[PDB]
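One structure below.
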Amino acid sequence: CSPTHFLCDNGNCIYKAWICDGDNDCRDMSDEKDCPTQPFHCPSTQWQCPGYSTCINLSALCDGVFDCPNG
Amino acid sequence: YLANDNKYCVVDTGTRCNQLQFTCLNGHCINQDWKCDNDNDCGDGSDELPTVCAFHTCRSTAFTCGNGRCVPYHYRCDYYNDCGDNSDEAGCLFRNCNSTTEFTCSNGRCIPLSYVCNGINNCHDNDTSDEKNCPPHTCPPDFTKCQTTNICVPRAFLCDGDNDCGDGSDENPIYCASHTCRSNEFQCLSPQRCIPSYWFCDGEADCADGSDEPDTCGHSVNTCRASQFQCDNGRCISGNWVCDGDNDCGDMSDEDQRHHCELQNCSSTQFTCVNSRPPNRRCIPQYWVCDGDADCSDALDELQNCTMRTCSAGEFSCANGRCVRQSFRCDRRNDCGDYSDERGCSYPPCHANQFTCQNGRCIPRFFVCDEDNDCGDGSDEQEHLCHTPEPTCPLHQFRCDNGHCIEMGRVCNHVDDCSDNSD
Amino acid sequence: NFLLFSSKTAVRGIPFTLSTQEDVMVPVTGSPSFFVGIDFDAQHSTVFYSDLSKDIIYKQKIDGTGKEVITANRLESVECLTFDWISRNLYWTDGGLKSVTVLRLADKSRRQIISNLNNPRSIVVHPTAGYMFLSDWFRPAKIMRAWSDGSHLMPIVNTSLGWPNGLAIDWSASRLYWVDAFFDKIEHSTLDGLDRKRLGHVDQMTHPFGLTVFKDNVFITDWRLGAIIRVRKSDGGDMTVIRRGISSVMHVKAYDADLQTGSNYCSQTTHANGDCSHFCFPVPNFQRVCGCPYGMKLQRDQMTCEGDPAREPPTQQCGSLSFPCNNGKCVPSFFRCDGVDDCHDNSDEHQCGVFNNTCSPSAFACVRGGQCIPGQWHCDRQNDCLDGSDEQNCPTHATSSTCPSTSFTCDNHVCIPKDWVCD
Amino acid sequence: XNXXX
Ligand SMILES: *[C@@H]1O[C@H](CO)[C@@H](O[C@@H]2O[C@H](CO)[C@@H](O)[C@H](O)[C@H]2NC(C)=O)[C@H](O)[C@H]1NC(C)=O
Ligand SMILES: *[C@@H]1O[C@H](CO)[C@@H](O[C@@H]2O[C@H](CO)[C@@H](O)[C@H](O)[C@H]2NC(C)=O)[C@H](O)[C@H]1NC(C)=O
Ligand SMILES: *[C@@H]1O[C@H](CO)[C@@H](O)[C@H](O)[C@H]1NC(C)=O
Ligand SMILES: *[C@@H]1O[C@H](CO)[C@@H](O)[C@H](O)[C@H]1NC(C)=O
Ligand SMILES: *[C@H]1O[C@H](CO)[C@H](O)[C@H](O)[C@H]1NC(C)=O
Ligand SMILES: *[C@H]1O[C@H](CO)[C@H](O)[C@H](O)[C@H]1NC(C)=O
Ligand SMILES: *[C@H]1O[C@H](CO)[C@H](O)[C@H](O)[C@H]1NC(C)=O
Ligand SMILES: *[C@H]1O[C@H](CO)[C@H](O)[C@H](O)[C@H]1NC(C)=O
Ligand SMILES: [Ca+2]
Ligand SMILES: [Ca+2]
Ligand SMILES: [Ca+2]
Ligand SMILES: [Ca+2]
Ligand SMILES: [Ca+2]
Ligand SMILES: [Ca+2]
Ligand SMILES: [Ca+2]
Ligand SMILES: [Ca+2]
Ligand SMILES: [Ca+2]
Ligand SMILES: [Ca+2]
Ligand SMILES: [Ca+2]
Ligand SMILES: [Ca+2]
Ligand SMILES: [Ca+2]
Ligand SMILES: [Ca+2]
Ligand SMILES: [Ca+2]
Ligand SMILES: [Ca+2]
């Protein structure tokens, strides 16, 4: 199989963007059999105050009261 | 070593449990399905210790009690509290027994009224009130009276591990717990149990772990009794059959002149057919004298005091005076006494598998080389066909002292090839 | 007993005895119709069906009364059904979601128990043994087996298969039977996949789909014949055509009230449902495992069930671009108030034509009383609107528009070839 | 082919 592609357990070659896309592109579980990387990070205009688990619209940052429990 | 998913201490005697077995502090591994179910199986309660049963969760297929134990699912609603907490019998909607003809037990069990105090506990209820044993007020000998209910139960089940009486007489602290059984009995170590003195040291295992037979037992297995004859094989027989003319001991120990059979003079009025030889008994009971059966080796018991026989034209007439059918001729058996049947015969040869002896006798092939003169002339015990020459153990094969000769590359290789390092 | 089979146009029930021909059950039919999966509930005289034109699963009495839907939400090409008559669980196979689902009929409770298949087709479940079998026909084709709870998935037949369309079970012998349509064969084996055997060549079988075993006959449906054929279940058999010209033909099934008899620990009496909330599943070797719907997790006791929103969050009936019907179905948001019943409950055509509930751009709106009608009904010479708005002031101008010189022209301005006149 | 039409 070419270095561009993952070699599936059934002998298919599949492009290594589609591995871990969430769908079994190999038709075997091979390209989803080892795909853990999904962190709790918050996208968009939210902010994740460090060491705290909530995510808040960045307009509230320095609004003049601590949104998150401690500084 | 750290047993049981590295959570537990066990003494490191080198041996290990299997993959699916739990380990106890004292060893004696137990299967995982016995873990945390009210049954003590380790002896120390390691399989039921509160620490072990704290994190343990029931297998998907087992009923979980409110207590946290894991009973097999078929125990649920079976009348009988096996959960301890009764949590598997809680909510059970039992059918109402026909009280007009059946008895509804205190545990909800249905049983016929005819079975009330019939002789044995049927309800097994916490109340125990079926087997009151209603009609008699007592139990006679060859049984113990059970204590609060008068069932006839042999003491032989005292302390044995289940309530034979349904009343605790077989578990009474009055006996077995106090002092060691009646004068006619002994106590097993496993289970803790009174048993008869004729089980204790009797030649067999009668407790669960054989503690009734603990190596020191009389003289020997052939200790027998003052009324029983003693056999070299360890068998015990009645003294009445000693030197009666046939093997009773099972090893001929009662049928030899080696110990004593020289004066085997039999009982009372038995006819003594002196024509008989050690292959048969000379003395014959008068019970079957003149009965038409050849008791003696030459059937003299059928002429000595017997009415004459008219015989038949369709039967073989022995020249001596006996009468038999044609089936009793040419068969190596002296049916007529005077060998008139076997005389002048032309026995056809032995079968394909059948072995032939020098005297022409036919014997089964299995009966060759077994230290018994089955051919009569000793053909089946001839050295040439019976002796097995030991292997030559040539070059490439070292004869070590054990006889199991090994490959000559292995000589004093420090690996025990021949029993106690004979190489 | 009777033979139940499905087709594009109807679901029918037929006597096994070919001597008579009349139905025993009312046909099941609709205006749009493409029936595929079927099964029956003998204890309620009820059958189930799917319809790929509506993506609903239905239930209906044999008499025809009491039609109800089971589900209409997230069904995609339901290619087969099977019913666990002891647990009252309905299993189906979404060829479009590529999964198998189970649903309890007592209260609507569903989970995708197997999720990542390729082209699953027939499914069959055996309640007393606690196994379910399903076929997959993607290139590396195979027949799976799993515990009824949807675990221990493993292939039992993966060698010498292509297109293994229909599974069925001989209840009298605990033998699985299956069609294969790439090698044009029918085979059978024990439930373990061992002891595999092949029936002889069947005349004019070319592509079979449905399979059933009842008494000593095997019933099969061939797409290339468009018929139901019968053979003896032990060998090639006497191919006997049961039906012919049956259009697009789908699964067969043997209705039998005697079959739907028995009890696992999942519905023994004195307690209900094997103590599980929501589901219990029979598991091989006479045991039960509890189950929980989507979004719920088994508690520490492994039987009672608790909310689990952390792992499986609650979900909407429909997306943001689709209108959720009163029925569980889902339709495009612009199919609301289009004059056509798309939800199969008239839920999309309810209280239409009012402010906050306007007619679609495609439909024609009656000017008064809030009624939206299909566009095709606008000025077609039928008074559809309650106020007759649809047959008022529309073009009469046929104009100088003419059909080609080849075509004859009617007074209705429809045109047909001159060849068609006076036939 | 073998797909449901
Ligand atoms: C086809 O099915 C067979 C079973 O009939 C599979 O063989 C088993 O393979 C597993 C490992 O995957 C072993 O532990 C078993 O012992 C095998 N046999 C049994 C008794 O099940 C085989 O792996 C399957 N092949 C494919 C391609 O899936
Ligand atoms: C859309 O219009 C209809 C009719 O004007 C509204 O219908 C009422 O809705 C409420 C709440 O669901 C019901 O209790 C009433 O019975 C409905 N009918 C009447 C006659 O009151 C509906 O509320 C409108 N929707 C929106 C979002 O404005
Ligand atoms: C109970 O037994 C009586 C006497 O035989 C009988 O008449 C009656 O029908 C029985 N009832 C039930 C519920 O079993
Ligand atoms: C019934 O059960 C109780 C425990 O709940 C026990 O103490 C009692 O001894 C039992 N009854 C009889 C008759 O033994
Ligand atoms: C006990 O339950 C836990 C979950 O709470 C696990 O499923 C565990 O495997 C179960 N016990 C056993 C022995 O399987
Ligand atoms: C939402 O979808 C999930 C699966 O993604 C479940 O089917 C769940 O039951 C759905 N919720 C509703 C209300 O139908
Ligand atoms: C009113 O509702 C319908 C529902 O099909 C359409 O969305 C329509 O576009 C809406 N409004 C108007 C003014 O057309
Ligand atoms: C009728 O319409 C056709 C198609 O457009 C032609 O235009 C034809 O010439 C028309 N006939 C007349 C008489 O105008
Ligand atoms: Ca992928
Ligand atoms: Ca702030
Ligand atoms: Ca235990
Ligand atoms: Ca119980
Ligand atoms: Ca009794
Ligand atoms: Ca006892
Ligand atoms: Ca003994
Ligand atoms: Ca003797
Ligand atoms: Ca005699
Ligand atoms: Ca003779
Ligand atoms: Ca011999
Ligand atoms: Ca050696
Ligand atoms: Ca074909
Ligand atoms: Ca619509
Ligand atoms: Ca109209
Ligand atoms: Ca015409």
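Ordering of the structure tokens sets the chain letters (A, B, ...), residue numbers begin anew at 1 in every chain, and ligands are numbered from 1 in the order given.
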
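Residues within 12 Å of residue 31 of chain A, counting only C-alpha atoms and excluding same-chain residues fewer than 6 positions away, are residues 5, 6, 7, 8, 9, 10, 11, 12, 13, 14, 15, 16, 17, 18, 19, 20, 21, 22, 23, 24 and 25 of chain A.
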
- Task: Kindly work out which residues sit at most 12 Å from ligand 23, using only C-alpha atoms and all ligand atoms, and give the list as a PyMOL selection string.
- Result: chain C and resi 364-366+373-392+394

- Message: When you look at residue 66 of chain C with a cut-off of 12 Å (counting only C-alpha atoms), what residues show up, excluding the ones that are within fewer than 2 positions of it in the same chain? I need them as a count of residues only.
- Response: 14

- Message: Residues within 10 Å of segment 2-5 of chain D, please, as a PyMOL selection string. Count only C-alpha atoms; anything in the same chain fewer than 4 positions from it doesn't count.
- Response: chain C and resi 8+34+36+52+77+79+95+119+121+137+163+165+181-182+207-209+223+248+250

Just to be explicit: take each residue in the selection above, keep N, CA and C atoms, and write the result as a PDB file, in the first residue's frame.
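selection_6.pdb was written with the following content:
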```
ATOM      1  N   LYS C   8     -45.060  -6.477  -2.876  1.00  0.00           N
ATOM      2  CA  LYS C   8     -45.119  -5.040  -3.087  1.00  0.00           C
ATOM      3  C   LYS C   8     -46.513  -4.514  -2.745  1.00  0.00           C
ATOM      4  N   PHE C  34     -45.340  -0.868  -0.464  1.00  0.00           N
ATOM      5  CA  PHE C  34     -44.213  -1.746  -0.751  1.00  0.00           C
ATOM      6  C   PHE C  34     -43.821  -2.471   0.540  1.00  0.00           C
ATOM      7  N   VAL C  36     -42.286  -5.314   2.976  1.00  0.00           N
ATOM      8  CA  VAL C  36     -41.116  -6.177   2.991  1.00  0.00           C
ATOM      9  C   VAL C  36     -41.133  -7.090   4.214  1.00  0.00           C
ATOM     10  N   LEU C  52     -41.874   0.029   3.012  1.00  0.00           N
ATOM     11  CA  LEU C  52     -40.790   0.906   2.586  1.00  0.00           C
ATOM     12  C   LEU C  52     -41.270   2.150   1.829  1.00  0.00           C
ATOM     13  N   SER C  77     -35.141   1.703   5.383  1.00  0.00           N
ATOM     14  CA  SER C  77     -35.075   0.437   4.663  1.00  0.00           C
ATOM     15  C   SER C  77     -35.082  -0.756   5.634  1.00  0.00           C
ATOM     16  N   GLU C  79     -35.486  -4.079   6.262  1.00  0.00           N
ATOM     17  CA  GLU C  79     -35.498  -5.196   5.314  1.00  0.00           C
ATOM     18  C   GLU C  79     -36.034  -6.509   5.901  1.00  0.00           C
ATOM     19  N   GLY C  95     -31.444  -1.502   6.839  1.00  0.00           N
ATOM     20  CA  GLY C  95     -30.425  -1.548   5.794  1.00  0.00           C
ATOM     21  C   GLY C  95     -29.841  -0.178   5.423  1.00  0.00           C
ATOM     22  N   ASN C 119     -24.334  -4.479   4.931  1.00  0.00           N
ATOM     23  CA  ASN C 119     -25.591  -4.658   4.220  1.00  0.00           C
ATOM     24  C   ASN C 119     -26.376  -5.755   4.919  1.00  0.00           C
ATOM     25  N   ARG C 121     -29.385  -8.089   6.216  1.00  0.00           N
ATOM     26  CA  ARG C 121     -30.682  -8.425   5.638  1.00  0.00           C
ATOM     27  C   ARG C 121     -31.536  -9.236   6.615  1.00  0.00           C
ATOM     28  N   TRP C 137     -24.427  -9.374   3.459  1.00  0.00           N
ATOM     29  CA  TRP C 137     -24.044  -9.805   2.122  1.00  0.00           C
ATOM     30  C   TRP C 137     -23.052  -8.866   1.428  1.00  0.00           C
ATOM     31  N   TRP C 163     -24.312 -13.307  -1.186  1.00  0.00           N
ATOM     32  CA  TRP C 163     -25.728 -12.945  -1.095  1.00  0.00           C
ATOM     33  C   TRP C 163     -26.573 -13.934  -0.262  1.00  0.00           C
ATOM     34  N   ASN C 165     -29.382 -14.337   1.392  1.00  0.00           N
ATOM     35  CA  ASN C 165     -30.576 -13.523   1.647  1.00  0.00           C
ATOM     36  C   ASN C 165     -31.396 -13.947   2.880  1.00  0.00           C
ATOM     37  N   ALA C 181     -27.924 -16.772  -2.675  1.00  0.00           N
ATOM     38  CA  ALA C 181     -28.431 -16.406  -3.986  1.00  0.00           C
ATOM     39  C   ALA C 181     -27.327 -16.169  -5.022  1.00  0.00           C
ATOM     40  N   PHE C 182     -26.049 -16.222  -4.625  1.00  0.00           N
ATOM     41  CA  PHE C 182     -24.938 -16.104  -5.557  1.00  0.00           C
ATOM     42  C   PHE C 182     -24.498 -17.477  -6.080  1.00  0.00           C
ATOM     43  N   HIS C 207     -32.662 -17.058  -7.778  1.00  0.00           N
ATOM     44  CA  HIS C 207     -32.377 -15.965  -6.868  1.00  0.00           C
ATOM     45  C   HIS C 207     -33.444 -15.984  -5.789  1.00  0.00           C
ATOM     46  N   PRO C 208     -33.232 -16.668  -4.646  1.00  0.00           N
ATOM     47  CA  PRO C 208     -34.240 -16.728  -3.602  1.00  0.00           C
ATOM     48  C   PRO C 208     -34.033 -15.628  -2.571  1.00  0.00           C
ATOM     49  N   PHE C 209     -35.124 -15.257  -1.906  1.00  0.00           N
ATOM     50  CA  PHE C 209     -35.109 -14.177  -0.933  1.00  0.00           C
ATOM     51  C   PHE C 209     -35.667 -14.645   0.409  1.00  0.00           C
ATOM     52  N   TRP C 223     -37.137 -14.189  -6.734  1.00  0.00           N
ATOM     53  CA  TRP C 223     -37.400 -12.933  -7.428  1.00  0.00           C
ATOM     54  C   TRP C 223     -37.432 -13.093  -8.950  1.00  0.00           C
ATOM     55  N   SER C 248     -43.530  -8.268  -7.326  1.00  0.00           N
ATOM     56  CA  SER C 248     -42.354  -8.237  -6.465  1.00  0.00           C
ATOM     57  C   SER C 248     -42.705  -8.926  -5.150  1.00  0.00           C
ATOM     58  N   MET C 250     -41.625 -10.831  -1.399  1.00  0.00           N
ATOM     59  CA  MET C 250     -40.670 -10.595  -0.324  1.00  0.00           C
ATOM     60  C   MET C 250     -40.685 -11.779   0.654  1.00  0.00           C
TER      61      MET C 250
END
```

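In this structure, atom CA of residue 281 of chain B sits 4.6 Å away from atom CA of residue 245 of chain B.
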
- Compute the set of protein, DNA and RNA residues whose minimum atom distance to ligand 15 is at most 7 Å, using only C-alpha atoms and all ligand atoms, and state it as a PyMOL selection string. chain B and resi 199-206+212-213

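In this comparison, which uses only C-alpha atoms, the residue of C:176, C:11, C:289, C:296 approaching chain B most closely is C:289.
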
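With distances restricted to only C-alpha atoms, C:116 is the closest residue to residue 30 of chain A from C:116, C:358, C:159, C:270.
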
Surroundings of ligand 5 up to 6 Å, based on only C-alpha atoms and all ligand atoms, as a PDB file with C-alpha atoms, in the first residue's frame:
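File pocket26.pdb, as written:
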```
ATOM      1  CA  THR B  57     -20.690  -6.562  41.464  1.00  0.00           C
ATOM      2  CA  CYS B  58     -23.001  -9.401  40.372  1.00  0.00           C
ATOM      3  CA  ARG B  59     -22.521 -11.048  36.957  1.00  0.00           C
TER       4      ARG B  59
ATOM      5  CA  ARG C 300     -25.212  -1.443  40.526  1.00  0.00           C
TER       6      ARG C 300
END
```

- Task: Name each residue within 8 Å of ligand 12, counting only C-alpha atoms and all ligand atoms, as a PyMOL selection string.
- Result: chain B and resi 74-83+86+88-89

Go ahead and save the picked residues with N, CA and C atoms, as a compact mmCIF listing (two decimals), in the first residue's frame.
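Output (again.txt):
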```
# COMPACT_ATOMS: atom_id res chain seq x y z
N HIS B 74 -32.15 -18.82 39.21
CA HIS B 74 -33.19 -19.84 39.51
C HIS B 74 -33.53 -19.96 41.00
N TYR B 75 -32.71 -19.41 41.91
CA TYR B 75 -33.03 -19.37 43.36
C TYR B 75 -34.18 -18.40 43.68
N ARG B 76 -34.47 -17.43 42.80
CA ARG B 76 -35.49 -16.37 43.02
C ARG B 76 -36.90 -16.98 43.00
N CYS B 77 -37.73 -16.64 43.99
CA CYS B 77 -39.09 -17.21 44.22
C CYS B 77 -39.10 -18.75 44.14
N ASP B 78 -38.27 -19.44 44.95
CA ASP B 78 -38.33 -20.92 45.08
C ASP B 78 -38.77 -21.31 46.50
N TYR B 79 -39.62 -20.48 47.12
CA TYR B 79 -40.08 -20.57 48.54
C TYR B 79 -38.95 -20.34 49.55
N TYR B 80 -37.71 -20.76 49.29
CA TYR B 80 -36.68 -20.95 50.33
C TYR B 80 -35.64 -19.82 50.34
N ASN B 81 -35.52 -19.14 51.48
CA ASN B 81 -34.61 -17.99 51.68
C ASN B 81 -33.15 -18.43 51.61
N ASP B 82 -32.56 -18.31 50.42
CA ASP B 82 -31.14 -18.61 50.09
C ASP B 82 -30.32 -17.31 50.04
N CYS B 83 -30.99 -16.17 49.83
CA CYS B 83 -30.41 -14.81 49.85
C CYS B 83 -30.03 -14.39 51.28
N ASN B 86 -33.95 -12.64 52.62
CA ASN B 86 -35.26 -12.93 51.99
C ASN B 86 -35.53 -12.01 50.78
N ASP B 88 -34.73 -12.18 47.68
CA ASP B 88 -35.11 -12.93 46.46
C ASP B 88 -36.52 -13.55 46.58
N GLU B 89 -37.10 -13.61 47.79
CA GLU B 89 -38.50 -14.09 47.99
C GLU B 89 -39.46 -12.93 48.26
```

- For chain C against chain B, which residues fall within 8 Å using only C-alpha atoms, given as number ranges by chain? C: 265, 270-271, 287-290, 300-303

- Residues within 8 Å of ligand 8 should be enumerated using only C-alpha atoms and all ligand atoms and returned as a VMD selection string. chain C and resid 400 to 404

Restricted to N, CA and C atoms, what would the selected residues look like written as a tab-separated table (two decimals), in the first residue's frame?
```
chain	number	residue	atom	x	y	z
C	400	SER	N	-53.35	30.20	-30.16
C	400	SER	CA	-53.03	29.56	-31.43
C	400	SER	C	-52.07	28.39	-31.24
C	401	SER	N	-51.79	27.99	-29.98
C	401	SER	CA	-50.91	26.87	-29.71
C	401	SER	C	-51.46	25.61	-30.39
C	402	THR	N	-50.59	24.89	-31.09
C	402	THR	CA	-50.98	23.69	-31.81
C	402	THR	C	-49.95	22.60	-31.57
C	403	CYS	N	-50.44	21.36	-31.48
C	403	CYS	CA	-49.58	20.20	-31.42
C	403	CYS	C	-49.03	19.92	-32.82
C	404	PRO	N	-47.88	19.21	-32.94
C	404	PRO	CA	-47.28	18.92	-34.24
C	404	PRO	C	-48.26	18.36	-35.27
```

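Counting only C-alpha atoms, every residue of chain C that comes within 12 Å of chain A is listed here: residues 98, 115, 116, 117, 118, 119, 138, 139, 140 and 141 of chain C.
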
Save out the residues we just selected, N, CA, C and O atoms, as a PDB file, in the first residue's frame.
```
ATOM      1  N   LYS C  98     -27.823   0.870   8.703  1.00  0.00           N
ATOM      2  CA  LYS C  98     -26.855  -0.229   8.768  1.00  0.00           C
ATOM      3  C   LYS C  98     -26.750  -0.824  10.178  1.00  0.00           C
ATOM      4  O   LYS C  98     -25.661  -1.059  10.694  1.00  0.00           O
ATOM      5  N   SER C 115     -24.548  -2.090  15.459  1.00  0.00           N
ATOM      6  CA  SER C 115     -24.535  -0.740  14.907  1.00  0.00           C
ATOM      7  C   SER C 115     -23.726  -0.582  13.617  1.00  0.00           C
ATOM      8  O   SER C 115     -24.010   0.336  12.849  1.00  0.00           O
ATOM      9  N   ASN C 116     -22.694  -1.406  13.383  1.00  0.00           N
ATOM     10  CA  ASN C 116     -21.698  -1.084  12.368  1.00  0.00           C
ATOM     11  C   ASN C 116     -21.620  -2.165  11.291  1.00  0.00           C
ATOM     12  O   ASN C 116     -20.536  -2.611  10.927  1.00  0.00           O
ATOM     13  N   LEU C 117     -22.776  -2.548  10.742  1.00  0.00           N
ATOM     14  CA  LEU C 117     -22.842  -3.560   9.698  1.00  0.00           C
ATOM     15  C   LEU C 117     -22.730  -2.885   8.330  1.00  0.00           C
ATOM     16  O   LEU C 117     -22.646  -1.661   8.235  1.00  0.00           O
ATOM     17  N   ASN C 118     -22.722  -3.700   7.270  1.00  0.00           N
ATOM     18  CA  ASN C 118     -22.479  -3.220   5.917  1.00  0.00           C
ATOM     19  C   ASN C 118     -23.758  -3.281   5.083  1.00  0.00           C
ATOM     20  O   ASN C 118     -24.193  -2.262   4.552  1.00  0.00           O
ATOM     21  N   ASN C 119     -24.334  -4.479   4.931  1.00  0.00           N
ATOM     22  CA  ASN C 119     -25.591  -4.658   4.220  1.00  0.00           C
ATOM     23  C   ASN C 119     -26.376  -5.755   4.919  1.00  0.00           C
ATOM     24  O   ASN C 119     -26.565  -6.835   4.368  1.00  0.00           O
ATOM     25  N   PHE C 138     -22.348  -8.011   2.179  1.00  0.00           N
ATOM     26  CA  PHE C 138     -21.215  -7.298   1.607  1.00  0.00           C
ATOM     27  C   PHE C 138     -20.154  -8.321   1.190  1.00  0.00           C
ATOM     28  O   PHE C 138     -20.111  -9.412   1.759  1.00  0.00           O
ATOM     29  N   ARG C 139     -19.405  -7.978   0.130  1.00  0.00           N
ATOM     30  CA  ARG C 139     -18.411  -8.888  -0.477  1.00  0.00           C
ATOM     31  C   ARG C 139     -17.985  -9.965   0.523  1.00  0.00           C
ATOM     32  O   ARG C 139     -18.362 -11.128   0.309  1.00  0.00           O
ATOM     33  N   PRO C 140     -17.218  -9.676   1.599  1.00  0.00           N
ATOM     34  CA  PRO C 140     -16.926 -10.718   2.577  1.00  0.00           C
ATOM     35  C   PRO C 140     -18.174 -11.135   3.359  1.00  0.00           C
ATOM     36  O   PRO C 140     -18.300 -10.862   4.544  1.00  0.00           O
ATOM     37  N   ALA C 141     -19.084 -11.840   2.676  1.00  0.00           N
ATOM     38  CA  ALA C 141     -20.410 -12.140   3.195  1.00  0.00           C
ATOM     39  C   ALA C 141     -20.318 -13.133   4.354  1.00  0.00           C
ATOM     40  O   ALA C 141     -19.398 -13.952   4.402  1.00  0.00           O
TER      41      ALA C 141
END
```

- From a DSSP pass on the backbone, collect the residues of segment 60-154 of chain B flagged as strand (DSSP E) and hand them back as a list in words. residues 62, 63, 64, 70, 71, 72, 102, 103, 104, 110, 111, 112, 144, 145, 152 and 153 of chain B

- Message: Neighbouring residues of ligand 24 are defined here as those with any atom at most 9 Å from a ligand atom, counting only C-alpha atoms and all ligand atoms; list them as a PyMOL selection string.
- Response: chain C and resi 416+418-423
